[PDB]
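Here's the structure we're looking at; comments come further down.
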Amino acid sequence: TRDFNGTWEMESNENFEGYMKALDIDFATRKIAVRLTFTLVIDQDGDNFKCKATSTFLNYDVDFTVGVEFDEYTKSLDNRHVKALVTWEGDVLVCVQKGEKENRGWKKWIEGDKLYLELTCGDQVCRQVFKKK
Ligand SMILES: *C/C=C\c1cc2ccc(N(CC)CC)cc2oc1=O
């Protein structure tokens with residue numbers, strides 16, 4: 001299924017620390033953020049998507065159209081400019097963020113009532129799992 005709509009509660013978070021250090025996130029910010037649980041609210045209509053990821057310390061919003069390149073400024077994270085592109089590989093939603101860092105992006109999919117989000121940067125991979133609220 002290609003339908004990520006809804007509110008998603010984090011159930012599992014693996015190696016968020018390695019991801020954030022690959023982004024060179026500062027120390028005080030990093031080890032507050034590795035404690036946190038996230039909630040995702042996603043609105044998907046065709047190619048149009050809107051994320052909103054929330055926590056008590058770090059929040060992240062992105063809006064994009066699948067198959068349209070867009071410039072992203074990751075002000076809430078590492079404060080870098082990247083050229084982002086989100087496309088479909090089968091039923092997996094794939095984002096590439098062309099920038100200074102190699103292999104930066106994320107992937108995603110639904111595995112029967114659960115949402116999986118994989119964040120990558122350099123040789124680091126963080127895996128997050130959410131349940132549909
Ligand atoms: C997928 C749906 C878009 C959406 C993307 C997204 C990317 C990254 C994150 N992070 C929170 C830890 C990484 C900084 C969250 C997020 O949420 C979304 O809903």
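Identifiers for the structure tokens are assigned positionally: chains receive A, B, ... in sequence, residues are indexed from 1 per chain, and ligands are indexed from 1 in the order shown.
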- [ ] May I have all residues of chain A that DSSP, computed from the backbone, assigns to alpha helix (DSSP H), given as an MDAnalysis selection string?
- [x] chainID A and resid 16:22 27:33
Writing out the chosen residues with C-alpha atoms as a PDB file, in the first residue's frame:
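Result file is again-v9.pdb:
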```pdb
ATOM      1  CA  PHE A  16      19.117   7.854  16.005  1.00  0.00           C
ATOM      2  CA  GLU A  17      22.376   8.806  17.725  1.00  0.00           C
ATOM      3  CA  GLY A  18      24.513   7.564  14.845  1.00  0.00           C
ATOM      4  CA  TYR A  19      22.354   9.423  12.338  1.00  0.00           C
ATOM      5  CA  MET A  20      22.489  12.710  14.215  1.00  0.00           C
ATOM      6  CA  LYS A  21      26.248  12.466  14.676  1.00  0.00           C
ATOM      7  CA  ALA A  22      26.659  11.830  10.956  1.00  0.00           C
ATOM      8  CA  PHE A  27      26.457  17.410  21.753  1.00  0.00           C
ATOM      9  CA  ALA A  28      23.952  19.175  24.005  1.00  0.00           C
ATOM     10  CA  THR A  29      21.304  18.985  21.291  1.00  0.00           C
ATOM     11  CA  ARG A  30      22.152  15.385  20.423  1.00  0.00           C
ATOM     12  CA  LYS A  31      21.806  13.738  23.690  1.00  0.00           C
ATOM     13  CA  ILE A  32      18.607  15.516  24.557  1.00  0.00           C
ATOM     14  CA  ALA A  33      17.229  14.398  21.174  1.00  0.00           C
TER      15      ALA A  33
END
```
- [ ] May I have the residues within 6 Å of segment 103-110 of chain A as a PyMOL selection string, using only C-alpha atoms and disregarding those fewer than 6 positions away in the same chain?
- [x] chain A and resi 92-97+116-122
Writer output for current selection, N, CA and C atoms, as a PDB file, in the first residue's frame:
```pdb
ATOM      1  N   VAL A  92       7.784   1.664  -1.725  1.00  0.00           N
ATOM      2  CA  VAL A  92       8.683   2.351  -0.805  1.00  0.00           C
ATOM      3  C   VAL A  92       8.882   3.771  -1.302  1.00  0.00           C
ATOM      4  N   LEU A  93       8.638   4.743  -0.428  1.00  0.00           N
ATOM      5  CA  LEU A  93       8.875   6.155  -0.704  1.00  0.00           C
ATOM      6  C   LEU A  93      10.329   6.494  -0.390  1.00  0.00           C
ATOM      7  N   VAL A  94      11.053   7.015  -1.376  1.00  0.00           N
ATOM      8  CA  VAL A  94      12.485   7.196  -1.251  1.00  0.00           C
ATOM      9  C   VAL A  94      12.829   8.654  -1.440  1.00  0.00           C
ATOM     10  N   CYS A  95      13.589   9.219  -0.505  1.00  0.00           N
ATOM     11  CA  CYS A  95      14.100  10.578  -0.606  1.00  0.00           C
ATOM     12  C   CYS A  95      15.610  10.593  -0.700  1.00  0.00           C
ATOM     13  N   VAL A  96      16.131  11.324  -1.681  1.00  0.00           N
ATOM     14  CA  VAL A  96      17.553  11.603  -1.802  1.00  0.00           C
ATOM     15  C   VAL A  96      17.756  13.089  -1.566  1.00  0.00           C
ATOM     16  N   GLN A  97      18.704  13.420  -0.696  1.00  0.00           N
ATOM     17  CA  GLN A  97      18.998  14.813  -0.381  1.00  0.00           C
ATOM     18  C   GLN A  97      20.408  15.191  -0.818  1.00  0.00           C
ATOM     19  N   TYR A 116       7.329   2.390   8.728  1.00  0.00           N
ATOM     20  CA  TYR A 116       8.739   2.269   8.892  1.00  0.00           C
ATOM     21  C   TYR A 116       9.442   3.415   8.195  1.00  0.00           C
ATOM     22  N   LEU A 117      10.363   4.041   8.903  1.00  0.00           N
ATOM     23  CA  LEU A 117      11.117   5.152   8.402  1.00  0.00           C
ATOM     24  C   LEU A 117      12.578   4.883   8.628  1.00  0.00           C
ATOM     25  N   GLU A 118      13.344   4.947   7.564  1.00  0.00           N
ATOM     26  CA  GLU A 118      14.756   4.693   7.603  1.00  0.00           C
ATOM     27  C   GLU A 118      15.495   5.968   7.222  1.00  0.00           C
ATOM     28  N   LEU A 119      16.323   6.471   8.120  1.00  0.00           N
ATOM     29  CA  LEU A 119      17.072   7.682   7.905  1.00  0.00           C
ATOM     30  C   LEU A 119      18.504   7.320   7.682  1.00  0.00           C
ATOM     31  N   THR A 120      19.104   7.894   6.661  1.00  0.00           N
ATOM     32  CA  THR A 120      20.472   7.542   6.310  1.00  0.00           C
ATOM     33  C   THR A 120      21.326   8.787   6.145  1.00  0.00           C
ATOM     34  N   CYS A 121      22.584   8.685   6.549  1.00  0.00           N
ATOM     35  CA  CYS A 121      23.566   9.692   6.237  1.00  0.00           C
ATOM     36  C   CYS A 121      24.927   9.086   6.420  1.00  0.00           C
ATOM     37  N   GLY A 122      25.784   9.195   5.404  1.00  0.00           N
ATOM     38  CA  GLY A 122      27.041   8.489   5.410  1.00  0.00           C
ATOM     39  C   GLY A 122      26.801   7.002   5.568  1.00  0.00           C
TER      40      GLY A 122
END
```
Task: Gap from atom CA of residue 15 of chain A to atom CA of residue 126 of chain A - Å, one decimal - done: 4.7 Å
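Identified as lying at most 6 Å from ligand 1 when counting only C-alpha atoms and all ligand atoms are the residues residues 40, 41, 42, 51, 52 and 53 of chain A.
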Write out the residues from the selection above, keeping N, CA and C atoms, as a tab-separated table (two decimals), in the first residue's frame.
```tsv
chain	number	residue	atom	x	y	z
A	40	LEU	N	4.39	11.47	14.17
A	40	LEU	CA	4.32	11.94	12.79
A	40	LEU	C	2.87	12.18	12.40
A	41	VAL	N	2.60	13.33	11.81
A	41	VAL	CA	1.31	13.60	11.20
A	41	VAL	C	1.56	13.84	9.73
A	42	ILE	N	0.96	12.99	8.90
A	42	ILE	CA	1.19	13.03	7.47
A	42	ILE	C	-0.13	13.24	6.75
A	51	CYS	N	4.94	16.46	5.67
A	51	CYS	CA	5.24	16.12	7.08
A	51	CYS	C	5.47	16.99	7.96
A	52	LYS	N	5.06	16.56	9.16
A	52	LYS	CA	5.17	17.20	10.46
A	52	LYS	C	5.55	16.17	11.51
A	53	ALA	N	6.78	16.23	11.97
A	53	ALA	CA	7.24	15.34	12.98
A	53	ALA	C	7.43	16.15	14.23
```
Task: Residue list (strand (DSSP E or B), DSSP) for chain A, as an MDAnalysis selection string - done: chainID A and resid 6:14 39:45 48:54 60:65 70:73 81:89 92:98 105:110 114:121 124:132
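Taking atom CA of residue 112 of chain A as the reference point, atom CA of residue 87 of chain A is found at 20.9 Å.
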Please produce, as a Markdown table, a per-residue contact table for segment 99-131 of chain A versus segment 59-83 of chain A (criterion: any atom at most 10 Å away, only C-alpha atoms considered), showing the nearest atom pair and its distance in Å to one decimal, sorted by chain then residue number.
```
| residue | atom | partner | partner_atom | distance |
| --- | --- | --- | --- | --- |
| A:99 | CA | A:82 | CA | 4.7 |
| A:100 | CA | A:82 | CA | 7.7 |
| A:101 | CA | A:82 | CA | 9.1 |
| A:104 | CA | A:82 | CA | 9.4 |
```
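Remark: for residue 11 of chain A, the closest of the candidate residues A:91, A:39, A:24, A:124 is A:39 (distances computed over only C-alpha atoms).
Note that the spacing between atom CA of residue 49 of chain A and atom CA of residue 5 of chain A amounts to 9.2 Å.
Between residue 58 of chain A and the candidates A:4, A:130, A:88, A:38, the tightest atom-to-atom separation, counting only C-alpha atoms, involves A:38.
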